[PDB]
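Spelled out from the first residue to the last, the chains are:
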Number of protein chains: 2
Amino acid sequence: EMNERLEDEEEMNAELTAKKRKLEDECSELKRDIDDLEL
Amino acid sequence: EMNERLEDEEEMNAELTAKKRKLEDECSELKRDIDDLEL
């Protein structure tokens, strides 16, 4: 039982980190363009 | 330990999701403020 649920949170750890990577990416795209534009 | 790792990954899930809360917030202010800026 302890393994079957920890594996839930680890795949969730991946589900988080994947989205997190997609965040850091998209946040930097938007942030870049705005900063360039303001110049 | 397996139980301790649940206590690890719940807080780890919280630390990540809290970062995600900052990442999601900024990106939304980014996309919104662009809209105002374009108007």
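Residues numbered from 1 in each chain as written, not as in the entry; some residues may be left out. Chains lettered and ligands numbered in written order. Part of a larger assembly, values for the part shown. Heavy atoms only, no water.

Structure determination for this PDB entry was carried out by cryo-EM, with a resolution of 20.00 Å recorded in the header.

A.B. asks: In this structure, what is going on with the overall build of chain A? I would like to understand it.
C.D. replies: Scanning chain A from terminus to terminus reveals one helix and zero strands. Judged by the C-alpha coordinates and their principal axes, chain A covers about 55 × 10 × 5 Å. When the 39 residues of chain A are sorted by exposure, 13% land in the buried category. Only carbon and sulfur atoms are counted for the fraction: they give 46% of the accessible area of chain A, which is about 3300 Å². Separation between the mean location of the 7 positive side-chain charges and that of the 16 negative ones in chain A comes to 4 Å. (Helix = DSSP H or I, 4+ residues; strand = E, 2+ residues; numbered from the N terminus. Buried < 20%, exposed > 50% of the residue type's maximum accessible area, 1.4 Å probe, protein only. Areas by Shrake-Rupley, 256 points an atom, 1.4 Å probe, with all protein chains shown as cover. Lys, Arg positive; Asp, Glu negative; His and termini not counted. Charge placed at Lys NZ, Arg CZ, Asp CG, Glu CD.)

A.B. asks: Explain the pattern of salt bridges here, please?
C.D. replies: Between side chains of opposite charge, a pair can form when the charged atoms approach closely. All names here are of chain A. Using the criterion set out here, one finds eight salt bridges over all chains in the structure. Between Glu 1 and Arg 5 there is a salt bridge; the shortest N-O distance is 2.8 Å. Of the charged contacts in the structure, one is a salt bridge between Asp 36 and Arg 32, with a shortest N-O distance of 3.5 Å. Taken together, the residues span about one helical turn, with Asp 36 and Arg 32 both in helix α1 (residues 2–38) at a distance of four residues. (Salt bridge = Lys/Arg side-chain N within 4 Å of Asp/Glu carboxyl O.)

A.B. asks: What exactly am I supposed to notice about the interface of chain A and chain B here?
C.D. replies: Taken residue by residue, the interface counts 16 residues in chain A and 18 residues in chain B. Taking both partners together, chain A and chain B bury about 1600 Å²; carbon and sulfur atoms supply 77% of that area. Applying the counting rule to chain A against chain B returns two salt bridges. With a shortest N-O distance of 2.7 Å, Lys 31 of chain A and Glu 26 of chain B are connected by a salt bridge. (Contact = heavy atoms within 4.5 Å. Buried area = accessible area lost by both parts, 1.4 Å probe.)

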